[PDB]
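Below is one structure, written out as structure tokens; the observations come after it.
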Amino acid sequence: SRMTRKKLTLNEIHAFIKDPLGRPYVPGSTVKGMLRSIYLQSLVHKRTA
RNA sequence: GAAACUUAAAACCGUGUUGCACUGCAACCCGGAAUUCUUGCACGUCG
């Protein structure tokens, strides 16, 4: 991509979601949205009308 | 016997509280039942 050997740096960093104290954790709204894709694919990848 | 008013004049009047004492008062919960709840991946796309 310009050969021009460009070398990039760390300009921006996206942050993990943390507790009000400062420690990371995993929400329960994220895992339940995964289980609404496992059950909603097993009824559509196994068989369908 | 025929002829001459027991008549005249005179307030049933004057004074006087339907007045004195007396609580529309005592007792009584605007009280008993009721979830601001149900569904929702901070994620997708890279000459």
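Please treat every number below as a calculation from the coordinates, not as lab data. Here the Cβ is made from the backbone with ideal geometry for all residues, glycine too, and neighbour counts use every protein chain on show.
Observations on the structure shown:
- Point-to-point label distance, A:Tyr39-A:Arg5, nm (Cα→Cβ direction, 7 Å offset): 5.5 nm
- Residues A:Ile13, A:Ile38, arranged from fewest to most other Cβ atoms within 10 angstrom of their Cβ, appear as A:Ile13, A:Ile38.
- For A:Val31 and A:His14, the difference between the fully extended length at 0.36 nm per residue and the C-alpha to C-alpha distance is 4.1 nm.
- Ranked for footprinting exposure by Cβ neighbours inside 10 Å, fewest first, A:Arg36, A:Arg47 give A:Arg47, A:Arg36.
- Computed helical MRE - 222 nm, chain A, DSSP H runs ≥ 4 contributing -39500 (n - 2.57), nearest 500: -12500 deg cm²/dmol
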